[PDB]
């Protein structure tokens, strides 16, 4: 076959309160406006003007400055294991004054909404000494619960260092994550001590309270999961970690935070989160949050992209950047589908990291926006853009009101945004081969005045180069989207595009989750208080975590009526992964749904779990399909 992709530019796609592309939320990177790196060693004279203003790119996230203050602050004489309030204020006040004097950056504050976070040590109270020769208190009583001193430091740090902008000081962070990737240091890294997981989650509650004692309106979140791999140990990992975190600390967090990395080359193997896998990870967090807390917590993805194991001890290459680009684009498309429940998604790329270069090995930082002119041959010359800039060039100008798009291949993701006379049409390929697309654009009488095509793909296969092919077109009824590629098609119209209909997406959750599968035994899920309109469509989302060999085509009954499951689902079959974990998206005849709904699953074999059953309802303002 060939793939049909349809854009209905007169139909607004509403999800919760969101109807627009949020550039600050999505088009950003892991940096700050006041990094030293901006103003020296670069081929471009005013790099902030080029990267931040011209491309319209937002920031950021920063752990270094708070780490430095913590490691050099005097111990409290009146209390052992606590930072001294007067010296903390002193050091924080030195930094503030330096920010106050740094007037070149004050006009860039409007591009900045800081995610603040602590690196694991010395902040976690495990006894690790600071450079001043003392550890943070490891007490755990009802009067001084675990992390009280850590929390007081964090709380004080925020109150003392930050101002309101410009000559009053650096603006307060929009978000304060508790601690970076804590279970990686605690339990999973080689030679990890395996201290209490439970105590890490209590730690979060105690940090939040301490932070709010000094800054009552500051948002706090956790636990900043390095590797959210819920299906492991037959869902024991879920049970021991995210489940317990939600039970213990969920109610005290203003937001939840995780990291999501694809593994496109780990010992020659390809293990992806892009596609059905990350959908299952995110559905599970939301569904259990609904069951236990009665709400979906806003989700932050403070780092995402690919981790490139096989290339991480290699010099920089365009190819290594490509591996990151393809993961970033697909993940961003998936985050955009949940925009109402994502507060922030940040691709992991730093500006430069001149100090992350190791002179012994000759290895530069593996995710940089800028690299030296003579890399890979030598680490010399002035800094120029890496290939990672291609993401920000690809997404340039994209903004406006979201409009409905659909596609008959679940390995092809699409979306679109309308800004006055311009329309941005974004298409992403999850499949590992080229896909020939037929494009239809409906809802306008008049043809576009011009068309610009941006196509980001890999030339030359393995160890090749990414290309960003930008060209003008008078017509584009067909288009070949390359392997794992993305295109952004910008239509320019003579008159303002008229949006006169609305498709409202609403996501419904089940009463229960996480059910063992036994052959021949019905698993029944209940989704209630569903609101329908005369015209609509719907999708049922089956979260399945099963060993390979086991069936991903159960008999499905919705309110006693039979619904077919398609062969093809979103993304890959997960061959190199240890087991299958993913959401199979099932279209369902809208006429079958009602207020309370019975979803019944029967598999022919034993083992594994149905992690979640959720449902997307799409309610139309009119008969937009013409049925």
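Positions refer to the first chain, counted from 1.
- Comparing the deposited coordinates for 499-507 and 160-168, the stretch with the larger average C-alpha B-factor is 160-168.
- Once the C-alpha B-factors are averaged per stretch, 470-478 and 139-147 rank with 139-147 first.
- Note on 77, 347, 221, 298: the highest value goes to 77, judged by CA B factor as recorded.
- Comparing C-alpha B-factors across 602, 61, 594, 570 in the deposited entry, the largest value falls on 602.
- When the modelled residues of the chain are ordered by their C-alpha B factor, residue 215 lands in the highest third.
- When all modelled residues of the chain are sorted by CA temperature factor, residue 370 is found within the lowest third.
- Ranked against the other modelled residues of its chain, the C-alpha B-factor of residue 30 as given in the entry falls in the lowest third.
- Compared with the other modelled residues of the chain, the Cα B-factor recorded for residue 326 ranks in the lowest third.
- Sort the modelled residues of the chain by CA B factor and residue 421 lands in the middle third.
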